[PDB]
Amino acid sequence: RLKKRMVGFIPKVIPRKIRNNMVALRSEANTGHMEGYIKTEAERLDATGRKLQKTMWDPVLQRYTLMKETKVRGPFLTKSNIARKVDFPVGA
Amino acid sequence: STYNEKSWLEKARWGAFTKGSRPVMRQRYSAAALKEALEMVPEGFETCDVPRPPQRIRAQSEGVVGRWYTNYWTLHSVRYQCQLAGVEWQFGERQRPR
Amino acid sequence: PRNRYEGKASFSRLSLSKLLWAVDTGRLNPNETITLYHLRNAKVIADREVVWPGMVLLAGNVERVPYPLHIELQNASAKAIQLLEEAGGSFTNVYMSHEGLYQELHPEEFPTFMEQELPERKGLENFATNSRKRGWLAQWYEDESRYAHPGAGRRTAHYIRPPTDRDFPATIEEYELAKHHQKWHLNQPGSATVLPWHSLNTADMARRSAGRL
Amino acid sequence: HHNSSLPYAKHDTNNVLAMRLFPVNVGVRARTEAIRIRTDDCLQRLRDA
Amino acid sequence: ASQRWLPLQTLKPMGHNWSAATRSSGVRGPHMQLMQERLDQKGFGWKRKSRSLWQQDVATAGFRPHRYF
Amino acid sequence: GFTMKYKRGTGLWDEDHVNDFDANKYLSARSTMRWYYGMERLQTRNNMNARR
Amino acid sequence: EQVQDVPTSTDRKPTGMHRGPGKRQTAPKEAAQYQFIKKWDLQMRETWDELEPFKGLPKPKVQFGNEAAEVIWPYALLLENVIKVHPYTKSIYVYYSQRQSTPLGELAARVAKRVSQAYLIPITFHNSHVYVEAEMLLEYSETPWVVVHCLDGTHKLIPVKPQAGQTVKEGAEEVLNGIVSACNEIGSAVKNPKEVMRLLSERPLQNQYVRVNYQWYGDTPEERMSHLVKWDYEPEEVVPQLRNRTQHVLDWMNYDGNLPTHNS
Amino acid sequence: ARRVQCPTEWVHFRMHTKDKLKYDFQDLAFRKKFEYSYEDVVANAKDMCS
Amino acid sequence: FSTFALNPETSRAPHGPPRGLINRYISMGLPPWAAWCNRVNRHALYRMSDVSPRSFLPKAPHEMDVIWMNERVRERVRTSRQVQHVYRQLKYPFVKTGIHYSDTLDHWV
Amino acid sequence: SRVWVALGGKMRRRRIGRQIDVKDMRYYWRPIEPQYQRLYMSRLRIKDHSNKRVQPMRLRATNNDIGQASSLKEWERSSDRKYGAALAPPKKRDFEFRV
Amino acid sequence: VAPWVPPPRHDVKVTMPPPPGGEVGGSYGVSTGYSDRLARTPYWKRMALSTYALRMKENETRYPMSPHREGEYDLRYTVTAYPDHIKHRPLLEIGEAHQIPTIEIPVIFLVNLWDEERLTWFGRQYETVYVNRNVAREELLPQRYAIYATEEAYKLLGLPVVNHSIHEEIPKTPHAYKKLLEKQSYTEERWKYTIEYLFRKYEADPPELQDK
Amino acid sequence: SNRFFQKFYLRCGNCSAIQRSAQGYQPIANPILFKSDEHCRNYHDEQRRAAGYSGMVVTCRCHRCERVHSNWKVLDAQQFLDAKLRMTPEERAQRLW
Amino acid sequence: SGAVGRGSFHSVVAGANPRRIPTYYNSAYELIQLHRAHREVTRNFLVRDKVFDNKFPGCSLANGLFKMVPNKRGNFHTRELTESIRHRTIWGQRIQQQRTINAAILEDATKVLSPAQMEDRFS
RNA sequence: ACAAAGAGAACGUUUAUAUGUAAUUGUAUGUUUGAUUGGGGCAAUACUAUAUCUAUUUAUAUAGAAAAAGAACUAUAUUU
Ligand SMILES: NC(=O)c1ccc[n+]([C@@H]2O[C@H](COP(=O)([O-])OP(=O)(O)OC[C@H]3O[C@@H](n4cnc5c(N)ncnc54)[C@H](O)[C@@H]3O)[C@@H](O)[C@H]2O)c1
Ligand SMILES: [Zn+2]
């Protein structure tokens, strides 16, 4: 077709496309969930050297859990999201 | 080939070719006309050996003839009239290997 | 959204009112267990409605069945079963393969019993062996099938005969594969048995994931 | 915004009374088909009484 | 009657394999092309793997620009 | 092709299961002798053909 | 592999006089030449190693009669010598002296060392419960012995006794029928089996050290399991659970008086 | 020599019709097989009383 | 087609009639290139089941010269590059100069 | 009354940032407006036109009409392909079956 | 014009048609044989010249196989009368690259041949050596130093018939050859795979216990 | 590859012991990540076994002389009955099973 | 196969059928499809024996042969005729069986209250 | 045609990677006249483009990408 890049209303800026403006807040509870979130201007600019974090309803667990930011493209439950075993302070 | 023995219509209709839901032995022998066929099944023979010819081979039993027991379709068709006739099939059954 | 693949379990609905209407009308004999031959040959259902697999009994508005009625049909609905079963009847859901669907409708072409193959594995899961329908193998399955071989251990509970003289993995590549798998999956009880981690998403390997019991 | 689950407002979605009481272990499409078979019985228990 | 007891429903900790928003998701027929069959991990990749085929049929998924497709 | 060949002789008379579209309203005296002699011919014309 | 330093070129004059991409660089037929040639030159320096593939396998316990392990065995050989023992035998040890005084003592140690080499390691690879190990003792012990253990913790001795006239090429075959006999006899004369049915189904693989040169079996672990796949044609299981027809058992032979005769 | 001695476009009557059976076609020798006459088809099918 | 790692050989399909599309064309004898047909007419699965090969000899067999043992000039249907055009072409065998020594006539021939 | 219910329009392409309560209007089986019902179902009516009492062809093949083809007085002798053999499970053959 | 049209190829049996051409050596393409000698002789004639014990020997059904083309399926029962395409397939399939590597064949040397460059023996007399395919054809066979190691070559010379399976299967890929080298290394040069040759290293003391 | 079952009757060359060796069902290499070389040479090779081991060295271990070689002549099962039916009842215990 | 009350072999599960001899049934519709089926097997034998009576002298030369090629008649007898006898036999049993019950009902019933009301109770 | 590979490379073939205007396929617009193609708003809750301006106002599907409820890419932004 050609015309791969459109020219009517090339928008000045565009929030969704910016080095890390749209971020998949995947859950720290490694349930594989994610909630795509565009970092507002409060974090669009590098106000945060730290990787964004939020508390969001984890619909799988039905519990409010952490949401660590992460690139929106990628498998969300890899063999890196395994947690090292631990014996809880319960049990005999 | 200037002459084809059979048009592709009948190279591509396996139903006239395969043995599927199709009897391939026309003649149905009587009681004594079977006890006199099995008389020529030689000692040492066993149905567990004559195999099913592949699909690409036609399904045709030319009938009870010399060495008919090797014609896999003549064998397992005679083997079936011996049921309807009640003749006792001495030889072994198809041994499905595992 | 409603596709029919090779082997789908889509029945034509024989409303129980129809079958109950016939049995009094006199097309069907209440004594003889009313297998689908009677339904077909008595012009209760035609050729254009018995496509594999046979039928499904549906208790449509039938609040009551008055007489002890016996049926050999395929996959009655749970209410239709509990209706016949209240009036002293039976319903042994036959779930025949297609090779069995023919030899039941035209047995005048099969002079002797030409052996019938058990239905597809998908059918055995849901109807043939499932006592909820009183499938005809719900007696055999519990009696003879559900027991493993008298030599099988824990890994070879599904082989016709245990392929080794010991349950344990046989060689190194069967072992290191299972030594990695059991810790690939976090150490579960049965995770020793290596499984293929790719779901074909086939309809044959689909059994009722959720449902009644 | 950029949430997915807005708090329970007035919507006649699945049996949220039984969405709480149920094992999270089961996937979704196999849960909403099982909170109904729970409720389908709770409807019979109620009709019989 | 028989006092035999059985639960009301079977709970399986299995997860549905058809998500309405995932493209090739679903339960395919026993002879449909399994998820990404012939694709080899690339968009429309089963076309790119055609030149790799040894010999194809005489009527084999040729050129067809979606015109009034 | 397939044309119900298992019905050719399996009729109760000679004029049955033979598709003959060439009919007429009033078949006359010798057009009826021509007709009856015709059905049997292509009934014995067919047979001894198929016997030879 | 130490021979992977193949020079990315070759003497061959490049066909295709003109010019283009892919000229004057190695070919997979030439890359196998230099691999072989510089494999031999190591094999003279003796630095060439054959435990380059067998790196994951636990390196066997070195011992002076246990050279049978360090040998790279041909998978088409461990298929021929298919020896099997009663499963409840946990191990087999074959000890023999180094130097044997009596002429009939050197006969037996020849048999032992032969059976130490020929028949012991196939049993390991094939049965995988047994921990086959052989050790060469050092003294003028004119008789070797074999310690056939068992899963119950018991064990026996198999005094290696070959006949004077026989060769060693059958002296082991006798010893073989002298071990595989005991193994079943020990496994038949075990106490209560419920315990050994657990240890046996718990005993890890003992044959891990074994170095099998899978020759023309390198396609897929399917054919690496070709000695476990065991065709069984004419399989026989004639014990059916017959389900007879109780209701209306008669009535098949009592109906359709065909075309009622002159009386009716 | 076994061939039929004419370009088989002239003897195409034999190759497409149901003469495909009533004819020897070994290496293009379009020669009629044996064929009973009608005095014999009935002589052979009445003597059997068929 | 099955998904397990180590699939030991067996008498029959262990897990039912082999699933997948390409197993559908192998279950009927066809080769796995049938998966790339757009139309599979009754002639098509005849054409590609190789009942009788579409493959001939360069000269008349009665007037052939170079010793073609059992070969034809089989046409290979190729699908083109980036835009998939389907074109076919006749692939020959490789004839070498057979310079032998038939020791019957004690000389090279 | 035969709706042709169709799924949501925007349900796979762009999700991040769209409205929270409109990212789900894409999930319901909505009818397609009848102006298209009649367009698509027009190609199905043509089966026997001018016959004011035959109903249109249906989208999916209903279970009784599939057999309606083989319920014809001419097919009664084709044991295969009758009572449903295509939609049957895959045929089972001799263990020696081979091509 | 054809004076004296020849008789059918294999018409030699008294009460059954001759086998189809091609099978006897002729033109394929037709399934059913027919010979006008047989079809003209009336039935009683065909039953005169033959006794029942004989017809059961020429009725004889060799059903899939062909009685004449030993090893190939009878060409009146195939899908079409031509030869079996599958058995006689050309060595290159319709798409593969010709990567048929260098193959070395076995030749029986006929004179004690002694190389003067490696100063060792190309081959003793009457011992089969695996030599190059284009040494044999071009240097060993034209001079009378060698012949091929076929079955019948052994028969002609006086040696126990050995089956090298000379080109029983050609490999169409190097690693498909380097497996065939492993098969042929076992059957032919079997002494490489004895429990005595896997232990030359150890027929005596493990070297760490010997003198110096 | 292989998809359909077939049992051959291999005749050894050392002892002529007609032993039978079958060919089970070995599934097709995965089509999901297709590979054109491994498939189209799986198939073409399958016709070469299906036609009685046409272009392959047969490598199975004998039952009479316990050793694995490559000397087997693949008997079509009507060349086998030609052989089986024509052996005195004792040598059937020697060469056959 | 079912086709009669014996229960198809799908009573592999030992499904008994108690509370029997329970119904008097006049086999109305079944005797109808018997007279229909008995007409077919006779209307089939008529065909299997059709033999040339050529009332014309043009093609009289076959007036002795059957009207069906020997191989076909040898088939149609076995394909359609002998099938139609089984299909006739089936109704000849589904009725001869149901009568056996009626023969038992019409005795144990005739006694209880009236031999007059009896054939009214069963009317 | 050029190059690679395979044949103890005796020369013909087959591949792979390449794609040549030597190549004969198809596109090269639409609307107002040469610029514009979007969704809003003010201009009588008219709008030709009239006149002005604004802006995360969002680009539907199909293959790939994310496998639970969550998600990315691009097309005159109705998008053959
Ligand atoms: N789907 C089917 O295959 C199908 C359908 C209808 C009928 N049948 C029944 O199949 C039977 C044959 O068995 P099969 O299906 O394995 O195939 P088949 O016909 O090949 O059986 C072997 C042979 O048995 C002989 N035979 C069949 N019926 C006979 C009879 N009544 N009396 C004497 N000989 C008889 C024929 O020669 C037949 O060729 C027939 O009797 C037929 O009625 C099968
Ligand atoms: Zn042998």
# chains A, B, ... in the order shown; residues from 1 in each chain; ligands from 1
$ residues_near_ligand --ligand "ligand 1" --cutoff "7 Å" --atoms "only C-alpha atoms (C1' of nucleotides) and all ligand atoms" --output "list in words"
residues 20, 21, 22, 23, 24, 25, 26, 27, 28, 76, 77, 78, 80, 81 and 84 of chain B; 109, 110 and 111 of chain C; 79 and 80 of chain J
$ write_last_selection --atoms "C-alpha atoms" --output "CSV table (one decimal), in the first residue's frame"
chain,number,residue,atom,x,y,z
B,20,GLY,CA,-13.6,-51.3,2.8
B,21,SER,CA,-17.3,-52.2,3.5
B,22,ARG,CA,-17.0,-54.1,0.2
B,23,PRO,CA,-17.1,-57.9,-0.2
B,24,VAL,CA,-14.2,-59.1,-2.3
B,25,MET,CA,-15.2,-62.7,-2.7
B,26,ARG,CA,-18.2,-63.3,-4.9
B,27,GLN,CA,-18.9,-67.0,-4.5
B,28,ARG,CA,-20.4,-68.4,-1.3
B,76,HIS,CA,-10.2,-64.2,5.7
B,77,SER,CA,-13.3,-64.5,3.5
B,78,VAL,CA,-13.3,-68.3,3.6
B,80,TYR,CA,-15.8,-66.1,7.5
B,81,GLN,CA,-18.1,-68.5,5.6
B,84,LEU,CA,-21.8,-69.0,8.9
C,109,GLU,CA,-27.5,-56.9,7.1
C,110,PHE,CA,-25.2,-58.3,9.8
C,111,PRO,CA,-26.1,-62.0,10.1
J,79,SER,CA,-23.7,-47.5,4.0
J,80,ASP,CA,-20.7,-45.3,4.3
$ residues_near_ligand --ligand "ligand 2" --cutoff "10 Å" --atoms "only C-alpha atoms (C1' of nucleotides) and all ligand atoms" --output "short mmCIF file (atom, residue, chain, number, x, y, z; two decimals) with N, CA, C and O atoms, in the first residue's frame"
data_model
loop_
_atom_site.label_atom_id
_atom_site.label_comp_id
_atom_site.auth_asym_id
_atom_site.auth_seq_id
_atom_site.Cartn_x
_atom_site.Cartn_y
_atom_site.Cartn_z
N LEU L 10 12.41 -60.42 8.06
CA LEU L 10 13.79 -60.27 7.64
C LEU L 10 14.49 -61.62 7.70
O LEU L 10 14.39 -62.33 8.70
N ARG L 11 15.18 -61.98 6.62
CA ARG L 11 15.96 -63.20 6.57
C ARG L 11 17.43 -62.86 6.73
O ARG L 11 18.00 -62.15 5.90
N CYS L 12 18.04 -63.36 7.80
CA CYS L 12 19.46 -63.14 8.01
C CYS L 12 20.26 -63.73 6.86
O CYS L 12 19.77 -64.56 6.10
N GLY L 13 21.50 -63.27 6.73
CA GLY L 13 22.39 -63.85 5.74
C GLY L 13 23.38 -64.84 6.31
O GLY L 13 23.94 -65.64 5.56
N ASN L 14 23.61 -64.79 7.62
CA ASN L 14 24.57 -65.68 8.26
C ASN L 14 23.94 -67.04 8.56
O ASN L 14 24.56 -68.08 8.34
N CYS L 15 22.72 -67.04 9.09
CA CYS L 15 22.02 -68.26 9.45
C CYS L 15 20.71 -68.43 8.70
O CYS L 15 20.05 -69.47 8.85
N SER L 16 20.32 -67.46 7.88
CA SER L 16 19.05 -67.48 7.14
C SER L 16 17.86 -67.65 8.07
O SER L 16 16.81 -68.17 7.67
N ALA L 17 17.98 -67.20 9.31
CA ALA L 17 16.90 -67.29 10.28
C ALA L 17 15.87 -66.23 9.97
O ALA L 17 16.08 -65.05 10.25
N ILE L 18 14.73 -66.65 9.42
CA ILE L 18 13.67 -65.71 9.05
C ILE L 18 13.04 -65.22 10.35
O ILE L 18 12.18 -65.88 10.92
N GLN L 19 13.47 -64.05 10.82
CA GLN L 19 12.85 -63.42 11.97
C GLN L 19 12.05 -62.22 11.49
O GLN L 19 12.38 -61.61 10.47
N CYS L 60 19.02 -55.04 12.37
CA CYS L 60 18.35 -55.63 13.51
C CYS L 60 19.16 -56.81 13.99
O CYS L 60 19.89 -57.44 13.22
N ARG L 61 19.05 -57.11 15.28
CA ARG L 61 19.80 -58.20 15.88
C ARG L 61 19.12 -59.52 15.59
O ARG L 61 17.90 -59.64 15.69
N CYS L 62 19.92 -60.52 15.23
CA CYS L 62 19.35 -61.82 14.96
C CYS L 62 18.81 -62.43 16.25
O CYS L 62 19.10 -61.98 17.36
N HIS L 63 17.99 -63.46 16.09
CA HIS L 63 17.58 -64.26 17.23
C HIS L 63 18.33 -65.57 17.31
O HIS L 63 18.48 -66.13 18.40
N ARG L 64 18.82 -66.07 16.18
CA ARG L 64 19.53 -67.34 16.17
C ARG L 64 20.99 -67.13 16.55
O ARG L 64 21.46 -67.65 17.57
N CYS L 65 21.72 -66.35 15.75
CA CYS L 65 23.09 -65.95 16.10
C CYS L 65 22.98 -64.62 16.82
O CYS L 65 22.83 -63.58 16.19
N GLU L 66 23.08 -64.65 18.14
CA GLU L 66 22.78 -63.44 18.88
C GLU L 66 23.83 -62.39 18.58
O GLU L 66 24.86 -62.31 19.26
N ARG L 67 23.58 -61.58 17.56
CA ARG L 67 24.44 -60.47 17.18
C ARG L 67 23.67 -59.58 16.24
O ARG L 67 22.76 -60.03 15.53
N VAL L 68 24.04 -58.31 16.23
CA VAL L 68 23.43 -57.32 15.36
C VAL L 68 24.35 -57.07 14.18
O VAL L 68 25.54 -56.78 14.36
N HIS L 69 23.81 -57.19 12.98
CA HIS L 69 24.58 -57.01 11.76
C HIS L 69 23.73 -56.23 10.78
O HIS L 69 22.68 -55.69 11.12
N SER L 70 24.20 -56.15 9.54
CA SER L 70 23.43 -55.61 8.43
C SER L 70 23.54 -56.60 7.28
O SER L 70 24.32 -56.41 6.34
N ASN L 71 22.74 -57.66 7.34
CA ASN L 71 22.80 -58.70 6.32
C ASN L 71 21.42 -59.22 5.98
O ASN L 71 21.31 -60.28 5.35
N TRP L 72 20.37 -58.53 6.38
CA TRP L 72 19.02 -59.05 6.28
C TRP L 72 18.46 -58.85 4.89
O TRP L 72 18.60 -57.77 4.30
N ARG L 95 15.12 -72.45 11.65
CA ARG L 95 15.25 -71.16 10.99
C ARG L 95 14.14 -70.19 11.37
O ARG L 95 14.42 -69.02 11.65
#
$ interface_residues --of "chain I" --to "chain G" --cutoff "8 Å" --atoms "only C-alpha atoms" --output "number ranges by chain"
I: 6-9
$ write_last_selection --atoms "C-alpha atoms" --output "PDB file, in the first residue's frame"
ATOM      1  CA  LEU I   6      10.655 -39.248  24.779  1.00  0.00           C
ATOM      2  CA  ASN I   7       8.033 -41.065  22.685  1.00  0.00           C
ATOM      3  CA  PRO I   8       9.012 -44.745  22.649  1.00  0.00           C
ATOM      4  CA  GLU I   9       7.814 -46.687  19.639  1.00  0.00           C
TER       5      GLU I   9
END
$ interface_residues --of "chain K" --to "chain G" --cutoff "7 Å" --atoms "only C-alpha atoms" --output "ChimeraX atom specification"
/K:179,182-183,195,206
$ select_by_dssp --residues "range 40-91 of chain L" --states "alpha helix (DSSP H)" --output "list in words"
residues 40, 41, 42, 43, 44, 45, 46, 47, 48, 49, 50, 77, 78, 79, 80, 81, 82, 83 and 84 of chain L
$ write_last_selection --atoms "N, CA, C and O atoms" --output "compact mmCIF listing (two decimals), in the first residue's frame"
# COMPACT_ATOMS: atom_id res chain seq x y z
N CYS L 40 10.25 -33.39 4.89
CA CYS L 40 10.18 -33.96 3.55
C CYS L 40 11.19 -35.07 3.34
O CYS L 40 11.10 -35.78 2.33
N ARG L 41 12.15 -35.24 4.23
CA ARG L 41 12.96 -36.45 4.20
C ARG L 41 12.51 -37.47 5.23
O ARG L 41 13.00 -38.60 5.21
N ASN L 42 11.61 -37.10 6.14
CA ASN L 42 10.90 -38.10 6.92
C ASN L 42 9.91 -38.84 6.04
O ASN L 42 9.80 -40.06 6.11
N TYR L 43 9.18 -38.10 5.21
CA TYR L 43 8.16 -38.72 4.37
C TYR L 43 8.79 -39.57 3.28
O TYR L 43 8.50 -40.77 3.18
N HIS L 44 9.62 -38.96 2.44
CA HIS L 44 10.25 -39.71 1.35
C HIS L 44 10.93 -40.96 1.86
O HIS L 44 10.92 -41.99 1.19
N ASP L 45 11.50 -40.88 3.06
CA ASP L 45 12.07 -42.07 3.66
C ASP L 45 11.00 -43.07 4.04
O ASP L 45 11.28 -44.27 4.12
N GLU L 46 9.78 -42.62 4.28
CA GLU L 46 8.75 -43.53 4.75
C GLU L 46 8.23 -44.41 3.63
O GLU L 46 7.85 -45.56 3.87
N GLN L 47 8.20 -43.90 2.41
CA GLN L 47 7.89 -44.76 1.29
C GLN L 47 8.97 -45.81 1.09
O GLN L 47 8.69 -46.90 0.59
N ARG L 48 10.20 -45.51 1.49
CA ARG L 48 11.29 -46.44 1.25
C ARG L 48 11.30 -47.59 2.24
O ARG L 48 11.85 -48.65 1.94
N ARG L 49 10.72 -47.41 3.42
CA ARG L 49 10.46 -48.55 4.29
C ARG L 49 9.18 -49.26 3.88
O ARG L 49 9.14 -50.49 3.78
N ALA L 50 8.12 -48.48 3.65
CA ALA L 50 6.84 -49.05 3.26
C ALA L 50 6.95 -49.94 2.03
O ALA L 50 6.15 -50.87 1.88
N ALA L 77 5.84 -61.07 2.29
CA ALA L 77 5.23 -62.16 3.04
C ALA L 77 4.56 -63.21 2.17
O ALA L 77 3.86 -64.07 2.72
N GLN L 78 4.72 -63.17 0.86
CA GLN L 78 4.41 -64.33 0.05
C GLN L 78 5.66 -64.99 -0.52
O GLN L 78 5.57 -66.07 -1.11
N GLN L 79 6.81 -64.34 -0.39
CA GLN L 79 8.07 -65.05 -0.51
C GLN L 79 8.41 -65.75 0.80
O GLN L 79 9.20 -66.70 0.79
N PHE L 80 7.81 -65.32 1.90
CA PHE L 80 8.02 -65.99 3.18
C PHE L 80 7.27 -67.31 3.23
O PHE L 80 7.84 -68.34 3.62
N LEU L 81 5.99 -67.30 2.87
CA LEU L 81 5.23 -68.55 2.81
C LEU L 81 5.82 -69.50 1.79
O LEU L 81 5.77 -70.72 1.97
N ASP L 82 6.35 -68.96 0.70
CA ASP L 82 7.14 -69.77 -0.22
C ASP L 82 8.23 -70.51 0.54
O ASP L 82 8.56 -71.66 0.24
N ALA L 83 8.79 -69.86 1.56
CA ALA L 83 9.86 -70.47 2.34
C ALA L 83 9.32 -71.26 3.52
O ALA L 83 9.73 -72.40 3.76
N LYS L 84 8.41 -70.66 4.28
CA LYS L 84 7.91 -71.31 5.49
C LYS L 84 7.23 -72.63 5.17
O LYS L 84 7.53 -73.66 5.78
$ interface_residues --of "chain F" --to "chain J" --cutoff "12 Å" --atoms "only C-alpha atoms" --output "mmCIF file with N, CA, C and O atoms, in the first residue's frame"
data_model
loop_
_atom_site.group_PDB
_atom_site.id
_atom_site.type_symbol
_atom_site.label_atom_id
_atom_site.label_comp_id
_atom_site.auth_asym_id
_atom_site.auth_seq_id
_atom_site.Cartn_x
_atom_site.Cartn_y
_atom_site.Cartn_z
ATOM 1 N N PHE F 2 -22.951 -43.118 -11.197
ATOM 2 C CA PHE F 2 -23.851 -43.956 -10.415
ATOM 3 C C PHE F 2 -25.288 -43.656 -10.801
ATOM 4 O O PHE F 2 -25.785 -42.556 -10.559
ATOM 5 N N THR F 3 -25.974 -44.645 -11.360
ATOM 6 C CA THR F 3 -27.339 -44.453 -11.821
ATOM 7 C C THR F 3 -28.225 -45.607 -11.391
ATOM 8 O O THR F 3 -28.925 -46.208 -12.210
ATOM 9 N N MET F 4 -28.183 -45.949 -10.106
ATOM 10 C CA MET F 4 -29.181 -46.816 -9.491
ATOM 11 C C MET F 4 -29.294 -48.136 -10.237
ATOM 12 O O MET F 4 -30.374 -48.716 -10.355
ATOM 13 N N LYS F 5 -28.167 -48.613 -10.759
ATOM 14 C CA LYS F 5 -28.179 -49.826 -11.565
ATOM 15 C C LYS F 5 -28.769 -51.012 -10.826
ATOM 16 O O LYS F 5 -29.157 -51.993 -11.461
ATOM 17 N N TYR F 6 -28.841 -50.957 -9.506
ATOM 18 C CA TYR F 6 -29.479 -52.040 -8.784
ATOM 19 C C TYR F 6 -30.991 -51.979 -8.859
ATOM 20 O O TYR F 6 -31.651 -52.684 -8.090
ATOM 21 N N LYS F 7 -31.559 -51.153 -9.735
ATOM 22 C CA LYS F 7 -33.002 -51.041 -9.866
ATOM 23 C C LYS F 7 -33.514 -51.440 -11.237
ATOM 24 O O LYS F 7 -34.727 -51.406 -11.456
#
$ residues_around --residues "residue 246 in chain G" --least-positions-apart "4" --cutoff "10 Å" --atoms "only C-alpha atoms (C1' of nucleotides)" --output "PyMOL selection string"
(chain G and resi 250) or (chain M and resi 6+11+14-17)
